[PDB]
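Peer 1: The structure under discussion is supplied below as structure tokens; questions concerning it will follow.
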Amino acid sequence: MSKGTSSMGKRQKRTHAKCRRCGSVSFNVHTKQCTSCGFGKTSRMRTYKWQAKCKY
Amino acid sequence: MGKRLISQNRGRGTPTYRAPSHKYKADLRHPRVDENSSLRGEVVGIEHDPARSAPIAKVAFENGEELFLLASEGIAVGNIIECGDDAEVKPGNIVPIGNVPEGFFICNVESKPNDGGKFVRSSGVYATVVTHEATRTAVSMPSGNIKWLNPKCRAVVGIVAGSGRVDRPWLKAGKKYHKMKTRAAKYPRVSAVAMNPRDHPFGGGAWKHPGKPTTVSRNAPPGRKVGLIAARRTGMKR
Amino acid sequence: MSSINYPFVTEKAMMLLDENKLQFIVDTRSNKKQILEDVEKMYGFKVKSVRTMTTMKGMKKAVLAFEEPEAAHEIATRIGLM
Amino acid sequence: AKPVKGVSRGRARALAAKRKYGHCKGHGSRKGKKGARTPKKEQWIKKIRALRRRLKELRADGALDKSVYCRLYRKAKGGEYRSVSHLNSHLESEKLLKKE
Amino acid sequence: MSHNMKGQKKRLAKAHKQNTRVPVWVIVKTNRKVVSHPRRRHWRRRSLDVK
Amino acid sequence: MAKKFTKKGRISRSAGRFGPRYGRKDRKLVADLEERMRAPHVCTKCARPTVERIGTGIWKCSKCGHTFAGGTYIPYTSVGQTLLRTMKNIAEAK
RNA sequence: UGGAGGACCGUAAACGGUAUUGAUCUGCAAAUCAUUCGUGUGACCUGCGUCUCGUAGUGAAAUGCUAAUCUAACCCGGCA
RNA sequence: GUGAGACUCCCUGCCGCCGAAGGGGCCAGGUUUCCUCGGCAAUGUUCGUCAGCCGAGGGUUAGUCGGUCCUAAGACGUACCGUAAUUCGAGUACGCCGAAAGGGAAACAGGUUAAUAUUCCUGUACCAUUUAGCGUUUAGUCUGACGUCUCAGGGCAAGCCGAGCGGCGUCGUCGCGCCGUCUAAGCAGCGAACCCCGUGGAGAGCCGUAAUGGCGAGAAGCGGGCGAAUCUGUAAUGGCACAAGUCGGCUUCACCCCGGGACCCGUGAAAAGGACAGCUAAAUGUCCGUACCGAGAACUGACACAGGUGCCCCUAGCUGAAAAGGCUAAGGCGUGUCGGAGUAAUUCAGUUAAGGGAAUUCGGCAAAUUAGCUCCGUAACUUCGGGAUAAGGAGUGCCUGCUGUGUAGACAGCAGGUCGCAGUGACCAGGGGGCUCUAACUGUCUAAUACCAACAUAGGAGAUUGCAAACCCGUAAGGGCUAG
Ligand SMILES: [Mg+2]
Ligand SMILES: [Mg+2]
Ligand SMILES: [Mg+2]
Ligand SMILES: [Mg+2]
Ligand SMILES: [Mg+2]
Ligand SMILES: [Mg+2]
Ligand SMILES: [Mg+2]
Ligand SMILES: [Mg+2]
Ligand SMILES: [Mg+2]
Ligand SMILES: [Mg+2]
Ligand SMILES: [Mg+2]
Ligand SMILES: [Mg+2]
Ligand SMILES: [Zn+2]
Ligand SMILES: [Zn+2]
């Protein structure tokens with residue numbers, strides 16, 4: 001259908017479930033990883049230095 | 001970077017260019033036989049193979065294990081096969097090419113001994129034994145070339161079944177469409193001169209022409225060997 | 001751990017008591033065997049079966065059916081539901 | 001509960017009686033293609049079944065031998081009789097029955 | 001009908017229990033300084049992401 | 001004998017199911033191949049005409065029960081015939 | 001008699017989107033409505049599941065599509 | 001009637017809407033919207049005593065319904081190896097997950113609540129695992145387990161007709177019209193086709209089918225065996241105004257069983273489970289879901305949104321080829337949530353129009369004409385298939401009495417009379433022909449200004465490569481094409 005409100009009626013599925021380790025709704029049900037804390041990918045918790053300004 | 005070509009996409013192995021393996025019945029190979037052994041077996045049924053569009057035979061051997069085999073023409077349910085070194089020459093048996101007489105037709109020939117067979121396998125093809133020197137034997141391949149094979153190579157005697165498959169024209173896009181669903185090939189294929197200059201070396205322009213010569217050298221980098229790859233000649237015969 | 005918290009005393013639970021049945025609020029992390037053994041030890045009445053329900057408030061209701069007639073009446077008498 | 005009011009059917013019933021007699025069915029009331037009103041395969045099936053049952057009973061009682069029975073069977077398969085009375089007419093004309 | 005497991009139903013029960021008007025005695029004790037909480041919603045609005 | 005081969009209805013044959021499509025050449029080729037395929041082939045054990053096509057290159061005898069692999073559109077091919085002739089003559093010369 | 005075909009007609013079943021350059025154009029709607037139309041046993045339409053992604057993917061090829069964004073997406077950082 | 005207050009809330013009567021969807025069942029999704037009582041500041045395109053709104057309370061019960069169990073595409077984990085290195089990377093071995101529409105051990109009727117019911121209660125059943133007793137394998141096969149089209153046979157829910165019995169309506173005249181006349185699983189019995197066996201002796205030919213066909217490599221015929229849906233009895237006493245509760249007939253899809261044929265350069269899943277050795281008795285059958293909506297007000301698009309998801313699966317009488325269009329049942333509604341008054345121009349969408357008939361306009365744009373079925377008749381050209389519904393003509397209602405085919409349902413045809421301006425009388429329902437350009441055709445395309453001559457296609461030709469190949473992906477380990 002149209003790219004606007006006509007194709008937004010098929011919006012009945014879900015792509016992210018709820019994570020066990022952090023409780024945030026960011027668990028990818030296809031790749032089986034949490035996109036916020038990294039659960040499923042690793043035993044460590046996801047942190048990147050680009051999640052904040054260079055502190056200078 | 002103008003987009004990669006179809007050949008490189010096949011290289012990556014994306015799901016659009018991967019063969020649907022689960023449809024195929026079974027892999028075709030010669031029975032494994034130890035040194036100085038000769039096992040027999042009688043055909044149990046004749047069956048259709050979707051990976052080649054030709055029949056295959058199911059054979060139950062004396063040890064117990066059954067194997068699908070490349071079916072040569074004339075194979076019938078009930079006949080026994082005598083694969084081994086001591087087999088006689090008959091239509092159906094598997095024998096070394098060293099002790100096959102000149103003029104006999106063979107098929108499912110191997111490259112090196114105990115490969116299972118790699119040459120002469122499509123429908124209705126066949127090869128011939130020409131000469132028997134002490135160390136090699138020359139067989140004329142279905143392409144038209146002479147190949148020098150080891151005398152201790154195995155090949156079934158006869159010609160591959162299903163002869164004449166390409167005497168029936170498609171005359172539709174639908175029938176050829178249906179064949180392509182059980183193969184890795186993509187159908188249908190766009191022509192290069194109708195693409196954009198990102199997509200292909202030949203694309204672009206206000207009218208559809210190649211622009212540059214179609215013959216390409218053998219040393220061209222990947223992503224450029226499109227057209228007549230290292231042709232020796234062009235055109236029909238005048 | 002204790003699996004029975006307290007009898008449930010709404011209007012529907014009262015009518016179950018007519019044909020010799022009760023309705024307890026049990027610990028939500030428990031099954032039918034544990035409920036059976038706890039009630040049997042606590043009142044000495046041989047339970048017959050047990051039906052369980054999870055409610056939208058969070059708790060977990062259980063309906064006990066006894067074998068000996070008039071047992072539910074006197075259990076409710078001593079417990080103080082009456 | 002108030003009674004349900006159905007749909008009366010007396011008028012259609014009388015009309016159906018008239019049609020069953022053979023009226024109210026003229027060319028001006030057909031609106032579907034011939035074949036939609038009577039498929040041809042059903043016509044052939046009923047015709048051939050009637051013809052075969054009649055020939056079989058003529059063979060069974062005894063007034064028709066094997067040779068003429070075979071000939072008439074294949075002939076009716078070929079489509080030279082259009083009805084049972086037509087077949088009886090040819091049988092009683094060409095004398096192929098063994099009535100005495 | 002959205003067949004749920006035990007945990008999903010548990011979280012749904014909690015989110016149900018959070019839709020409550022603040023008790024009247026709380027408003028009396030705090031002298032009309034607490035009159036609402038940020039957990040109030042309505043079922044036909046923004047969907048909750050409990051599940 | 002067969003369907004009405006009128007003053008016209010005689011050239012297309014089995015290719016008349018394609019209507020006015022695909023051109024004269026392809027239709028003629030398919031038609032001729034179909035009359036070759038529909039032929040009353042002969043058995044090798046029975047020596048009675050009973051062979052029909054079961055699948056792509058599979059053939060069977062209706063009375064005899066014999067199953068074998070052959071051509072895709074015709075039971076016996078010329079190259080197989082030549083192989084039989086040559087090998088049999090070699091054997092019979094012994 | 002028989003019942004083939006990328007055959008025919010045709011539903012406001014389904015899918016599509018010709019013309020009115022109609023209605024609306026701070027709309028019912030950030031692309032809809034009415035009439036008129038095209039396919040409708042097949043290279044058909046479709047539910048759920050699963051896979052392929054950023055100098056990469058997919059494309060019966062228009063520079064089309066990749067979450068109202070595409071001649072190189074989006075979030076944050078280099079960056080005041 | 002209620003209420004301080006009534007176009008808007010409630011009851012009765014009349015008049016209406018959808019009636020192959022606006023009704024019924026339910027997935028995903030929602031998450032208490034479900035029921036009762038008490039309210040009307042806000043929400044509701046007006047008001048409101050009403051409410052999917054606000055406050056308080058209440059409501060979901062399973063050995064048999066699902067999940068759970070098996071595996072498909074395909075994921076993930078540990079090890080091995082690579083990488084400067086990892087949370088990164090292909091393959092191999094061993095595991096493990098993946099379907100609430102695939103496979104699958106077992107339950108039906110009635111009652112009860114304000115809101116739950118194959119779950120609770122009454123009655124009648126059935127299936128597994130363990131323990132004890134009494135015996136035993138054939139253990140290797142069968143089943144689960146399979147495409148598209150087309151057709152015969154049998155059965156049945158729905159539907160229709162006649163007679164009797166009980167109610168309701170109409171009643172200016174007549175005596176018709178409608179509703180009801182019910183009954184589950186389980187258990188016991190029977191078996192149509194295909195197939196197997198014992199006889200049989202058929203050709204200058206016989207036996208059959210809707211059709212293909214069968215036959216001394218053994219037909220017809222005569223016997224026996226394995227073998228379905230459904231049907232008959234019981235369960236038969238439950239429900240019904242404890243009011244009747246008895247019988248016959250026709251048809252039957254869109255549902256079930258069984259068998260045949262055709263087609264493929266398409267061949268149309270796997271595994272758990274079940275069958276073959278079981279019989280009797282007691283005990284056990286844990287866990288999770290169960291309310292309500294499922295959409296012109298309970299989902300998604302910021303909304304009580306004319307879109308989309310769901311037209312996903314089902315549906316009565318008449319007309320009719322029909323699930324089309326029209327008119328009515330059952331069911332749901334008067335909420336596709338502003339009213340009163342009736343009088344200008346103009347505007348959106350329709351009905352009709354003398355005489356002329358494209359003279360309008362870039363252009364017959366727009367609108368009109370024709371339209372169903374039967375019969376007669378049908379051109380240039382042509383790849384011999386077509387063109388073709390060519391073009392062009394005639395008939396059609398109602399009443400009376402009949403004939404033919406058929407087991408029947410029904411279908412086809414005739415003779416006479418007769419009315420109207422008009423007989424497919426409304427609904428529905430092609431305007432046709434000729435000469436050129438272009439692409440062979442069916443198909444695809446700029447979601448939201450471009451449905452085309454553009455793309456694709458079958459057909460023709462050329463080139464590389466004998467497999468440790470040609471072509472390509474990766475830093476590597478290794479891979480795609482390739483079960484070739
Ligand atoms: Mg977009
Ligand atoms: Mg820093
Ligand atoms: Mg370039
Ligand atoms: Mg059409
Ligand atoms: Mg920036
Ligand atoms: Mg109506
Ligand atoms: Mg208001
Ligand atoms: Mg339960
Ligand atoms: Mg599982
Ligand atoms: Mg007004
Ligand atoms: Mg075209
Ligand atoms: Mg082109
Ligand atoms: Zn997480
Ligand atoms: Zn034979």
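By convention here, the chains of the structure tokens are called A, B, ... in the order presented, each chain's residues are numbered starting at 1, and ligands are numbered starting at 1 in the order presented.
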Which neighbours of range 81-96 of chain D fall inside 7 Å, counting only C-alpha atoms (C1' of nucleotides), when residues of the same chain fewer than 3 positions from it are skipped, and could you give them as a list in words?

Peer 2: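 My reading of the contact set: residues 47, 51, 68 and 76 of chain D.
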
Peer 1: Give me a file of those residues, with N, CA and C atoms, as a tab-separated table (two decimals), in the first residue's frame.

Peer 2:
```
chain	number	residue	atom	x	y	z
D	47	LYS	N	-28.43	-41.11	-20.89
D	47	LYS	CA	-28.77	-41.80	-22.13
D	47	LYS	C	-28.06	-43.15	-22.24
D	51	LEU	N	-29.55	-47.06	-22.22
D	51	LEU	CA	-29.38	-47.95	-23.36
D	51	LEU	C	-28.69	-49.24	-22.95
D	68	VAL	N	-24.95	-60.40	-31.91
D	68	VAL	CA	-25.72	-59.18	-32.09
D	68	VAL	C	-25.62	-58.30	-30.86
D	76	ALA	N	-24.21	-48.63	-29.99
D	76	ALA	CA	-24.74	-47.62	-29.08
D	76	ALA	C	-23.63	-46.80	-28.45
```

Peer 1: Pull out every residue of chain A sitting within 6 Å of chain H, counting only C-alpha atoms (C1' of nucleotides), and send them as an MDAnalysis selection string.

Peer 2: chainID A and resid 2:3 5:6 8:12 41:42

Peer 1: Neighbours of ligand 2 within 8 Å, counting only C-alpha atoms (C1' of nucleotides) and all ligand atoms, as an MDAnalysis selection string?

Peer 2: chainID A and resid 49 53:56

Peer 1: Residues of the last selection are to be written out with N, CA and C atoms, as a short mmCIF file (atom, residue, chain, number, x, y, z; two decimals), in the first residue's frame.

Peer 2:
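This is the output file part.cif:
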```
data_model
loop_
_atom_site.label_atom_id
_atom_site.label_comp_id
_atom_site.auth_asym_id
_atom_site.auth_seq_id
_atom_site.Cartn_x
_atom_site.Cartn_y
_atom_site.Cartn_z
N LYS A 49 32.81 3.98 24.74
CA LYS A 49 33.25 5.32 25.09
C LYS A 49 32.56 6.39 24.27
N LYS A 53 30.52 12.44 25.75
CA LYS A 53 31.49 13.34 25.16
C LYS A 53 32.90 12.99 25.62
N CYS A 54 33.88 13.30 24.79
CA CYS A 54 35.27 13.23 25.23
C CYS A 54 35.47 14.21 26.37
N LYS A 55 35.78 13.69 27.56
CA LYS A 55 35.75 14.52 28.76
C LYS A 55 36.95 15.46 28.82
N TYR A 56 37.01 16.35 27.83
CA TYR A 56 37.96 17.45 27.82
C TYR A 56 37.54 18.46 26.77
#
```

Peer 1: Should the cut-off be 6 Å, what would the residue list for chain F against chain B look like, counting only C-alpha atoms, as an NGL selection string?

Peer 2: :F and (57 or 67-72)

Peer 1: Pull N, CA and C atoms from the residues just selected and write them as a PDB file, in the first residue's frame.

Peer 2:
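And here's part-v2.pdb as it stands now:
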```
ATOM      1  N   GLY F  57      12.404 -40.017 -18.562  1.00  0.00           N
ATOM      2  CA  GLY F  57      13.350 -41.074 -18.845  1.00  0.00           C
ATOM      3  C   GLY F  57      13.054 -42.404 -18.196  1.00  0.00           C
ATOM      4  N   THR F  67      10.528 -52.458 -15.824  1.00  0.00           N
ATOM      5  CA  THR F  67      10.871 -51.047 -15.703  1.00  0.00           C
ATOM      6  C   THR F  67      12.324 -50.830 -16.098  1.00  0.00           C
ATOM      7  N   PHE F  68      12.589 -49.743 -16.820  1.00  0.00           N
ATOM      8  CA  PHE F  68      13.940 -49.474 -17.291  1.00  0.00           C
ATOM      9  C   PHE F  68      14.090 -47.987 -17.569  1.00  0.00           C
ATOM     10  N   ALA F  69      15.340 -47.554 -17.686  1.00  0.00           N
ATOM     11  CA  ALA F  69      15.676 -46.174 -17.996  1.00  0.00           C
ATOM     12  C   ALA F  69      16.089 -46.056 -19.455  1.00  0.00           C
ATOM     13  N   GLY F  70      15.608 -45.020 -20.120  1.00  0.00           N
ATOM     14  CA  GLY F  70      15.884 -44.816 -21.536  1.00  0.00           C
ATOM     15  C   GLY F  70      15.973 -43.360 -21.871  1.00  0.00           C
ATOM     16  N   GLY F  71      15.458 -42.991 -23.031  1.00  0.00           N
ATOM     17  CA  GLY F  71      15.473 -41.606 -23.436  1.00  0.00           C
ATOM     18  C   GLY F  71      14.473 -40.782 -22.655  1.00  0.00           C
ATOM     19  N   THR F  72      14.592 -39.464 -22.796  1.00  0.00           N
ATOM     20  CA  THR F  72      13.659 -38.572 -22.122  1.00  0.00           C
ATOM     21  C   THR F  72      12.319 -38.505 -22.838  1.00  0.00           C
TER      22      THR F  72
END
```

Peer 1: Calculate how many Å separate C1' of residue 399 in chain H from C1' of residue 327 in chain H, rounding to one decimal.

Peer 2: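 Pair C1' of residue 399 in chain H / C1' of residue 327 in chain H returns 26.4 Å.
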
Peer 1: Excluding residue 48 in chain E and residues on its chain fewer than 6 positions from it, collect all residues at most 12 Å away from it, counting only C-alpha atoms (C1' of nucleotides), and give them as number ranges by chain.

Peer 2: A: 25; E: 11-12, 14-16, 39-42; H: 30-31

Peer 1: Would you write out those residues with N, CA, C and O atoms (P, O5', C5', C4', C3', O3' and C1' of nucleotides), as a PDB file, in the first residue's frame?

Peer 2:
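Just written: selection.pdb:
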```pdb
ATOM      1  N   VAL A  25      13.347  -3.299  27.366  1.00  0.00           N
ATOM      2  CA  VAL A  25      12.696  -3.960  26.221  1.00  0.00           C
ATOM      3  C   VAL A  25      13.610  -3.728  25.026  1.00  0.00           C
ATOM      4  O   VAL A  25      13.382  -2.874  24.171  1.00  0.00           O
TER       5      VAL A  25
ATOM      6  N   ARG E  11       3.478  -9.505  35.369  1.00  0.00           N
ATOM      7  CA  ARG E  11       3.750  -8.097  35.099  1.00  0.00           C
ATOM      8  C   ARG E  11       2.481  -7.338  34.725  1.00  0.00           C
ATOM      9  O   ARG E  11       2.314  -6.169  35.096  1.00  0.00           O
ATOM     10  N   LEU E  12       1.579  -7.977  33.981  1.00  0.00           N
ATOM     11  CA  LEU E  12       0.305  -7.343  33.659  1.00  0.00           C
ATOM     12  C   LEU E  12      -0.514  -7.080  34.914  1.00  0.00           C
ATOM     13  O   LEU E  12      -1.153  -6.030  35.040  1.00  0.00           O
ATOM     14  N   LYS E  14       0.680  -6.513  37.923  1.00  0.00           N
ATOM     15  CA  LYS E  14       1.277  -5.372  38.616  1.00  0.00           C
ATOM     16  C   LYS E  14       0.878  -4.053  37.964  1.00  0.00           C
ATOM     17  O   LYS E  14       0.450  -3.108  38.645  1.00  0.00           O
ATOM     18  N   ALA E  15       1.007  -3.971  36.638  1.00  0.00           N
ATOM     19  CA  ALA E  15       0.658  -2.736  35.947  1.00  0.00           C
ATOM     20  C   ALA E  15      -0.815  -2.404  36.115  1.00  0.00           C
ATOM     21  O   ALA E  15      -1.193  -1.229  36.098  1.00  0.00           O
ATOM     22  N   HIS E  16      -1.663  -3.416  36.275  1.00  0.00           N
ATOM     23  CA  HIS E  16      -3.051  -3.149  36.622  1.00  0.00           C
ATOM     24  C   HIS E  16      -3.161  -2.527  38.003  1.00  0.00           C
ATOM     25  O   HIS E  16      -3.859  -1.527  38.189  1.00  0.00           O
ATOM     26  N   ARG E  39       2.171   7.071  37.641  1.00  0.00           N
ATOM     27  CA  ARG E  39       1.863   5.730  37.166  1.00  0.00           C
ATOM     28  C   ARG E  39       0.446   5.602  36.624  1.00  0.00           C
ATOM     29  O   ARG E  39       0.000   4.485  36.356  1.00  0.00           O
ATOM     30  N   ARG E  40      -0.270   6.710  36.459  1.00  0.00           N
ATOM     31  CA  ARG E  40      -1.645   6.672  35.985  1.00  0.00           C
ATOM     32  C   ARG E  40      -1.685   6.709  34.466  1.00  0.00           C
ATOM     33  O   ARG E  40      -0.927   7.445  33.830  1.00  0.00           O
ATOM     34  N   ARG E  41      -2.579   5.913  33.890  1.00  0.00           N
ATOM     35  CA  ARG E  41      -2.709   5.799  32.448  1.00  0.00           C
ATOM     36  C   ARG E  41      -4.163   5.476  32.129  1.00  0.00           C
ATOM     37  O   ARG E  41      -5.025   5.491  33.011  1.00  0.00           O
ATOM     38  N   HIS E  42      -4.439   5.177  30.863  1.00  0.00           N
ATOM     39  CA  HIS E  42      -5.743   4.682  30.453  1.00  0.00           C
ATOM     40  C   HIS E  42      -5.526   3.622  29.387  1.00  0.00           C
ATOM     41  O   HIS E  42      -4.568   3.692  28.616  1.00  0.00           O
TER      42      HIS E  42
ATOM     43  P     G H  30       0.232  -6.376  22.793  1.00  0.00           P
ATOM     44  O5'   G H  30      -1.153  -5.725  23.223  1.00  0.00           O
ATOM     45  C5'   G H  30      -1.523  -4.427  22.786  1.00  0.00           C
ATOM     46  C4'   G H  30      -2.950  -4.101  23.148  1.00  0.00           C
ATOM     47  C3'   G H  30      -3.251  -3.989  24.627  1.00  0.00           C
ATOM     48  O3'   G H  30      -2.896  -2.721  25.142  1.00  0.00           O
ATOM     49  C1'   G H  30      -4.960  -5.224  23.521  1.00  0.00           C
ATOM     50  P     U H  31      -1.939  -2.595  26.419  1.00  0.00           P
ATOM     51  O5'   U H  31      -2.814  -3.177  27.604  1.00  0.00           O
ATOM     52  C5'   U H  31      -4.101  -2.645  27.863  1.00  0.00           C
ATOM     53  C4'   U H  31      -4.955  -3.597  28.651  1.00  0.00           C
ATOM     54  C3'   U H  31      -4.502  -3.837  30.085  1.00  0.00           C
ATOM     55  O3'   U H  31      -5.626  -3.838  30.953  1.00  0.00           O
ATOM     56  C1'   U H  31      -4.712  -5.898  28.950  1.00  0.00           C
TER      57        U H  31
END
```

Peer 1: Counting only C-alpha atoms (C1' of nucleotides) and all ligand atoms, what residues are within 10 Å of ligand 10, given as a VMD selection string?

Peer 2: chain H and resid 338 to 340

Peer 1: Could the residues in this selection be written to a file with N, CA, C and O atoms (P, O5', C5', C4', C3', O3' and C1' of nucleotides), as a PDB file, in the first residue's frame?

Peer 2:
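The result, stored in result_27.pdb:
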```
ATOM      1  P     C H 338     -22.393  13.307  14.553  1.00  0.00           P
ATOM      2  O5'   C H 338     -23.795  14.057  14.512  1.00  0.00           O
ATOM      3  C5'   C H 338     -23.872  15.460  14.679  1.00  0.00           C
ATOM      4  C4'   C H 338     -24.897  15.852  15.710  1.00  0.00           C
ATOM      5  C3'   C H 338     -26.306  16.095  15.196  1.00  0.00           C
ATOM      6  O3'   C H 338     -27.071  14.908  15.056  1.00  0.00           O
ATOM      7  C1'   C H 338     -25.645  17.892  16.578  1.00  0.00           C
ATOM      8  P     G H 339     -28.450  14.923  14.228  1.00  0.00           P
ATOM      9  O5'   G H 339     -29.393  15.900  15.059  1.00  0.00           O
ATOM     10  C5'   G H 339     -30.595  16.415  14.504  1.00  0.00           C
ATOM     11  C4'   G H 339     -31.265  17.390  15.441  1.00  0.00           C
ATOM     12  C3'   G H 339     -32.347  18.265  14.835  1.00  0.00           C
ATOM     13  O3'   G H 339     -33.605  17.626  14.749  1.00  0.00           O
ATOM     14  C1'   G H 339     -30.865  19.607  16.080  1.00  0.00           C
ATOM     15  P     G H 340     -34.612  17.981  13.549  1.00  0.00           P
ATOM     16  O5'   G H 340     -35.060  19.479  13.836  1.00  0.00           O
ATOM     17  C5'   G H 340     -35.993  19.775  14.862  1.00  0.00           C
ATOM     18  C4'   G H 340     -36.231  21.258  14.998  1.00  0.00           C
ATOM     19  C3'   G H 340     -36.969  21.924  13.852  1.00  0.00           C
ATOM     20  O3'   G H 340     -38.373  21.766  13.948  1.00  0.00           O
ATOM     21  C1'   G H 340     -35.083  23.218  14.447  1.00  0.00           C
TER      22        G H 340
END
```

Peer 1: Name each residue within 9 Å of ligand 11, counting only C-alpha atoms (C1' of nucleotides) and all ligand atoms, as a VMD selection string.

Peer 2: chain H and resid 439 to 441 453

Peer 1: Print the selection's residues with N, CA, C and O atoms (P, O5', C5', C4', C3', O3' and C1' of nucleotides) to a file, as a PDB file, in the first residue's frame.

Peer 2:
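As a result, result-v2.pdb now contains:
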```pdb
ATOM      1  P     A H 439       8.917  -1.755 -33.143  1.00  0.00           P
ATOM      2  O5'   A H 439       8.476  -2.721 -31.957  1.00  0.00           O
ATOM      3  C5'   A H 439       8.994  -2.542 -30.649  1.00  0.00           C
ATOM      4  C4'   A H 439       8.127  -3.189 -29.598  1.00  0.00           C
ATOM      5  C3'   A H 439       7.964  -4.694 -29.675  1.00  0.00           C
ATOM      6  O3'   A H 439       9.081  -5.406 -29.171  1.00  0.00           O
ATOM      7  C1'   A H 439       5.868  -3.695 -29.264  1.00  0.00           C
ATOM      8  P     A H 440       9.761  -6.589 -30.021  1.00  0.00           P
ATOM      9  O5'   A H 440       8.544  -7.408 -30.640  1.00  0.00           O
ATOM     10  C5'   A H 440       7.897  -8.435 -29.900  1.00  0.00           C
ATOM     11  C4'   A H 440       6.516  -8.715 -30.435  1.00  0.00           C
ATOM     12  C3'   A H 440       5.444  -9.043 -29.416  1.00  0.00           C
ATOM     13  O3'   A H 440       4.960  -7.941 -28.677  1.00  0.00           O
ATOM     14  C1'   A H 440       5.313 -10.600 -31.138  1.00  0.00           C
ATOM     15  P     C H 441       4.814  -8.080 -27.086  1.00  0.00           P
ATOM     16  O5'   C H 441       3.697  -9.191 -26.900  1.00  0.00           O
ATOM     17  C5'   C H 441       2.421  -9.047 -27.499  1.00  0.00           C
ATOM     18  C4'   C H 441       1.612 -10.316 -27.415  1.00  0.00           C
ATOM     19  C3'   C H 441       1.138 -10.719 -26.031  1.00  0.00           C
ATOM     20  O3'   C H 441      -0.010 -10.012 -25.595  1.00  0.00           O
ATOM     21  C1'   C H 441       2.064 -12.595 -27.111  1.00  0.00           C
ATOM     22  P     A H 453       3.739  -0.624 -24.576  1.00  0.00           P
ATOM     23  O5'   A H 453       4.881  -0.052 -25.521  1.00  0.00           O
ATOM     24  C5'   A H 453       5.379  -0.831 -26.602  1.00  0.00           C
ATOM     25  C4'   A H 453       6.616  -0.231 -27.223  1.00  0.00           C
ATOM     26  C3'   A H 453       7.678   0.260 -26.238  1.00  0.00           C
ATOM     27  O3'   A H 453       8.982   0.010 -26.764  1.00  0.00           O
ATOM     28  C1'   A H 453       7.049   2.021 -27.659  1.00  0.00           C
TER      29        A H 453
END
```

Peer 1: Could you give me the residues within 12 Å of ligand 4, counting only C-alpha atoms (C1' of nucleotides) and all ligand atoms, as a list in words?

Peer 2: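 Protein and nucleic-acid residues within 12 Å of ligand 4: residues 7, 8, 9, 10, 11, 37, 38, 39 and 40 of chain G.
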
Peer 1: If you run DSSP on this backbone, which residues of chain F come out as strand (DSSP E or B), and could you give them as a list in words?

Peer 2: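 Matching residues, listed in order: residues 41, 51, 52, 53, 54, 55, 58, 59, 60, 61, 67, 68 and 69 of chain F.
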
Peer 1: Work out how far apart CA of residue 96 in chain B and CA of residue 151 in chain B are and give it in Å to one decimal.

Peer 2: 6.9 Å

Peer 1: List all protein, DNA and RNA residues that have an atom no more than 10 Å from any atom of ligand 13, counting only C-alpha atoms (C1' of nucleotides) and all ligand atoms, and report them as a list in words.

Peer 2: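 The distance check yields residues 17, 18, 19, 20, 21, 22, 23, 24, 25, 26, 27, 28, 33, 34, 35, 36, 37, 38, 39, 40, 45 and 46 of chain A.
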
Peer 1: Give one line per residue of chain B that approaches ligand 3 to at most 8 Å, naming the two atoms of the closest pair and their distance in Å to one decimal, counting only C-alpha atoms and all ligand atoms; sort by chain then ascending residue number and deliver it as a Markdown table.

Peer 2:
```
| residue | atom | partner | partner_atom_place_in_ligand_line | distance |
| --- | --- | --- | --- | --- |
| B:2 | CA | ligand 3 | 1 (Mg) | 6.4 |
| B:197 | CA | ligand 3 | 1 (Mg) | 5.8 |
| B:198 | CA | ligand 3 | 1 (Mg) | 6.1 |
| B:199 | CA | ligand 3 | 1 (Mg) | 7.7 |
| B:200 | CA | ligand 3 | 1 (Mg) | 6.3 |
| B:201 | CA | ligand 3 | 1 (Mg) | 4.6 |
| B:202 | CA | ligand 3 | 1 (Mg) | 7.7 |
```
